[PDB]
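# Residue-level structural notes
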Amino acid sequence: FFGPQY
Amino acid sequence: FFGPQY
Amino acid sequence: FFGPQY
Amino acid sequence: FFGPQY
Amino acid sequence: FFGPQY
Amino acid sequence: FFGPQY
Amino acid sequence: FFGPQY
Amino acid sequence: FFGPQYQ
Amino acid sequence: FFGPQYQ
Amino acid sequence: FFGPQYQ
Amino acid sequence: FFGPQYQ
Amino acid sequence: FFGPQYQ
Amino acid sequence: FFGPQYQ
Amino acid sequence: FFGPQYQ
Amino acid sequence: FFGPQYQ
Amino acid sequence: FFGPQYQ
Amino acid sequence: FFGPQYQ
Amino acid sequence: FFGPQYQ
Amino acid sequence: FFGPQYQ
Amino acid sequence: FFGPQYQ
Amino acid sequence: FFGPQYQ
Amino acid sequence: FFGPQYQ
Amino acid sequence: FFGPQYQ
Amino acid sequence: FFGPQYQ
Amino acid sequence: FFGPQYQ
Amino acid sequence: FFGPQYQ
Amino acid sequence: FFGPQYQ
Amino acid sequence: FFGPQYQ
Amino acid sequence: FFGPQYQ
Amino acid sequence: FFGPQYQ
Amino acid sequence: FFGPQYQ
Amino acid sequence: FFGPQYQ
Amino acid sequence: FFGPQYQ
Amino acid sequence: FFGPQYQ
Amino acid sequence: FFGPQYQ
Amino acid sequence: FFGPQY
Amino acid sequence: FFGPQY
Amino acid sequence: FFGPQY
Amino acid sequence: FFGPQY
Amino acid sequence: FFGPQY
Amino acid sequence: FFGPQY
Amino acid sequence: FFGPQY
Amino acid sequence: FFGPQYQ
Amino acid sequence: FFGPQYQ
Amino acid sequence: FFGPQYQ
Amino acid sequence: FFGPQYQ
Amino acid sequence: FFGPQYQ
Amino acid sequence: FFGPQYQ
Amino acid sequence: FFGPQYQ
Amino acid sequence: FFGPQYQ
Amino acid sequence: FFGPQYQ
Amino acid sequence: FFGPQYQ
Amino acid sequence: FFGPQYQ
Amino acid sequence: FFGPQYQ
Amino acid sequence: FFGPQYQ
Amino acid sequence: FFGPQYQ
Amino acid sequence: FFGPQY
Amino acid sequence: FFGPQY
Amino acid sequence: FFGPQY
Amino acid sequence: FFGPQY
Amino acid sequence: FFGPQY
Amino acid sequence: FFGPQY
Amino acid sequence: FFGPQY
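Residues numbered from 1 in each chain as written, not as in the entry; some residues may be left out. Chains lettered and ligands numbered in written order. Heavy atoms only, no water.

What the entry reports as its method is cryo-EM, with 2.85 Å given for the resolution.

### Overview of the interface of chain H and chain I
In this complex, chain H contributes 7 residues to the contact, which on the side of chain I involves 7 residues. Across the interface of chain H and chain I, roughly 650 Å² is buried in total on both sides, 55% from carbon and sulfur atoms. Sorting the residues of chain H by area buried against chain I places H:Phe1, H:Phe2 and H:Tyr6 first, and these three jointly supply 63% of that buried surface. Joining chain H to chain I, the criterion identifies 0 salt bridges. The tally of links from chain H across to chain I stands at 6 residue pairs in polar contact. Tallied by class, residues from the side of chain H that touches chain I come to 4 nonpolar, 3 polar and no charged. The pairing of strand 1 (residues 5–6) of chain H with strand 1 (residues 5–6) of chain I spans 2 bridges and is parallel. Looking at strand 1 of chain I, one finds that H:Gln5 is bridged to I:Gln5. (Contact = heavy atoms within 4.5 Å. Buried area = accessible area lost by both parts, 1.4 Å probe. Salt bridge = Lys/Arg side-chain N within 4 Å of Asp/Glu carboxyl O. Polar contact = N/O pair within 3.5 Å; in protein donor to acceptor, adjacent residues only side chain to side chain. Nonpolar A, V, L, I, M, F, W, Y, C, P; charged D, E, K, R; others polar. Pairing = 2+ DSSP bridges. Helix = DSSP H or I, 4+ residues; strand = E, 2+ residues; numbered from the N terminus.)

### Observations concerning the environment of AX:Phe2
Looking at the element boundaries, AX:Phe2 is found in the segment before strand 1 (5–6). Excluding its chain neighbours within four sequence positions, the residues that come into contact with AX:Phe2 are AU:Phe1, AV:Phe2, AZ:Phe1, AZ:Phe2, AZ:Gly3 and BG:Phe2.

### Some words on the sheet that holds strand 1 (residues 5–6) of chain AE
If you walk across this open sheet you meet the 7 strands as 1(Z)-1(AA)-1(AC)-1(AE)-1(AG)-1(AH)-1(AI), and the pairing is parallel. Here the strands that pair on one side only, and so sit at the sheet edges, are strand 1 (5–6) of chain Z together with strand 1 (5–6) of chain AI.

### Some remarks on the interface of chain D and chain C
Size of an interface, as often reported, equals the accessible area lost when the parts are brought together. Between chain D and chain C, the residue contacts involve 5 residues of the former and 6 residues of the latter. Regarding the contact of chain D and chain C, the summed buried area is about 550 Å², with carbon and sulfur atoms giving 65% of it. For the chain D face of the interface with chain C, the top three residues by lost area are D:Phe1, D:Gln5 and D:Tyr6, together amounting to 69%. Inspection of the chain D/chain C interface yields 0 salt bridges. Viewed at the interface, chain C and chain D are joined by 1 residue pair in polar contact. When grouped by side-chain class, the residues that make up the side of chain D that touches chain C number 4 nonpolar, 1 polar and no charged.

### Quick notes on the packing of aromatic side chains
Summed over all chains, the structure comprises 183 aromatic pairs over all chains. Here AH:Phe1 and AI:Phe1 contribute two aromatic rings whose centre-to-centre distance is 5.1 Å and whose plane-to-plane angle is 0°, an arrangement assigned as stacked. With AH:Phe1 in the segment before strand 1 (5–6) and AI:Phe1 in the segment before strand 1, this residue pair bridges two chains. On the basis of relative accessible area, AH:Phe1 is assigned to the partly exposed category, the value being 36%. On the basis of relative accessibility, which here comes to 61%, the residue AI:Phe1 falls in the exposed class. (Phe/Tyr/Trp six-rings, centres within 6.5 Å; stacked < 30°, edge-to-face > 60°. Buried < 20%, exposed > 50% of the residue type's maximum accessible area, 1.4 Å probe, protein only.)

### Re the side chain of M:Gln5
Inspection of the secondary structure assignment puts M:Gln5 in strand 1 (residues 5–6). Within the structure, M:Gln5 has its side chain in polar contact with the side chain of J:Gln5 (distance 3.3 Å). Among residues more than four places away in sequence, those in contact with M:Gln5 are J:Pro4, J:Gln5, J:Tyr6, O:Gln5, P:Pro4, P:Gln5, P:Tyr6, R:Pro4 and R:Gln5.

### Digging into the arrangement of the chains
The two units chain D and chain E are non-contacting; their minimal C-alpha-C-alpha distance is 19 Å. Over all C-alpha pairs, chain D and chain F never come within contact, reaching a minimum spacing of 24 Å.

### A word on the sheet that holds strand 1 (residues 5–6) of chain AS
Read from one edge of the open sheet, 7 strands run 1(AS)-1(AV)-1(AX)-1(AZ)-1(BB)-1(BC)-1(BD), paired in parallel fashion. Strands with a single pairing partner mark the edges of an open sheet, and in this sheet they are strand 1 of chain AS together with strand 1 (5–6) of chain BD.

And the structure:
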């Protein structure tokens with residue numbers, strides 16, 4: 001799982 | 001899963 | 001799954 | 001799945 | 001699991 | 001598990 | 001488990 | 001072969 | 001082969 | 001082969 | 001595969 | 001594959 | 001083979 | 001695979 | 001093979 | 001695999 | 001094979 | 001695998 | 001094989 | 001595996 | 001495995 | 001690929 | 001790949 | 001890969 | 001890999 | 001992509 | 001990708 | 001790897 | 001990727 | 001690896 | 001990746 | 001490794 | 001990765 | 001990685 | 001890594 | 001090789 | 001080799 | 001080798 | 001080798 | 001070698 | 001060697 | 001060697 | 001693919 | 001793939 | 001699919 | 001893959 | 001993979 | 001799939 | 001993997 | 001899959 | 001892995 | 001899968 | 001692993 | 001999987 | 001898996 | 001797994 | 001790159 | 001890179 | 001890198 | 001690296 | 001590194 | 001490192 | 001390190 005989440 | 005999510 | 005989602 | 005969705 | 005999360 | 005978390 | 005956590 | 005471009 | 005570009 | 005680019 | 005370019 | 005260009 | 005780039 | 005470029 | 005890059 | 005570039 | 005890079 | 005670059 | 005790099 | 005680079 | 005580099 | 005169906 | 005179905 | 005189904 | 005199913 | 005169906 | 005179905 | 005299921 | 005189904 | 005299940 | 005299902 | 005389950 | 005299921 | 005399931 | 005399950 | 005043979 | 005043989 | 005044989 | 005044989 | 005044999 | 005044999 | 005034998 | 005022949 | 005032949 | 005023949 | 005032959 | 005032959 | 005033949 | 005042969 | 005033949 | 005043979 | 005043959 | 005043979 | 005043959 | 005053969 | 005053969 | 005070069 | 005070079 | 005070089 | 005070099 | 005060198 | 005060197 | 005050297 002990639003992709004940063006605020 | 002790519003793509004950042006606010 | 002690509003493409004960011006606000 | 002491409003294409004961003006607001 | 002990659003991707004930093006605030 | 002990678003990715004730093006504040 | 002890697003990745004520092006504040 | 002797949003590549004789009006947005007904005 | 002997969003690569004998009006955003007903004 | 002997978003690579004995107006964002007901003 | 002040769003991808004997109006910007007400016 | 002040669003992708004799109006902008007400016 | 002997997003590699004993205006962010007910002 | 002040769003990926004995208006910016007400036 | 002896995003490697004991302006952030007900022 | 002040859003990944004993306006910035007500037 | 002696993003290696004990321006942060007900042 | 002040859003990864004991304006910055007500047 | 002595992003190695004990250006931080007900062 | 002050859003990883004990312006910065007500057 | 002050849003890891004990341006900085007400067 | 002979407003395969004065959006029966007009844 | 002999405003395979004066959006029966007009933 | 002998504003395999004077959006029965007009933 | 002997601003395998004087969006029965007009923 | 002390969003899938004047959006028999007009977 | 002390989003999957004058959006028999007009977 | 002996610003294996004088969006029954007009922 | 002390999003998976004059959006029998007009966 | 002995530003193995004099979006029954007009921 | 002290998003998984004069959006029998007009966 | 002995560003093994004099989006029953007009921 | 002190897003896993004079958006019988007009956 | 002090896003795991004079967006019987007009955 | 002080795003683990004079966006019987007009955 | 002697919003296809004059953006009696 | 002797939003396909004059952006009686 | 002897959003496929004049962006009587 | 002998979003596949004049961006009577 | 002997998003697969004039971006009577 | 002896996003697989004029971006009667 | 002795994003697998004019980006009657 | 002069936003390639004060339006000589007004499 | 002069936003390759004070339006000589007004499 | 002790639003095959004040449006020389007002389 | 002079936003390779004070349006000589007004489 | 002089935003390799004080359006000589007005479 | 002890659003195979004040449006020389007002389 | 002089945003390797004080469006000579007005579 | 002890679003195999004050449006020389007002389 | 002099944003290796004080469006000579007005569 | 002890699003195998004050459006020389007002379 | 002099954003190694004090479006001579007004569 | 002790696003195996004060459006020389007002479 | 002590694003095995004060569006010389007002469 | 002490592003094994004060569006010389007002469 | 002194929003093709004010999006003297 | 002294939003192809004011999006004198 | 002394949003291909004012999006004199 | 002394959003390929004002999006004189 | 002394979003390949004003999006005189 | 002494989003490959004004999006005279 | 002394998003490979004004999006004269």
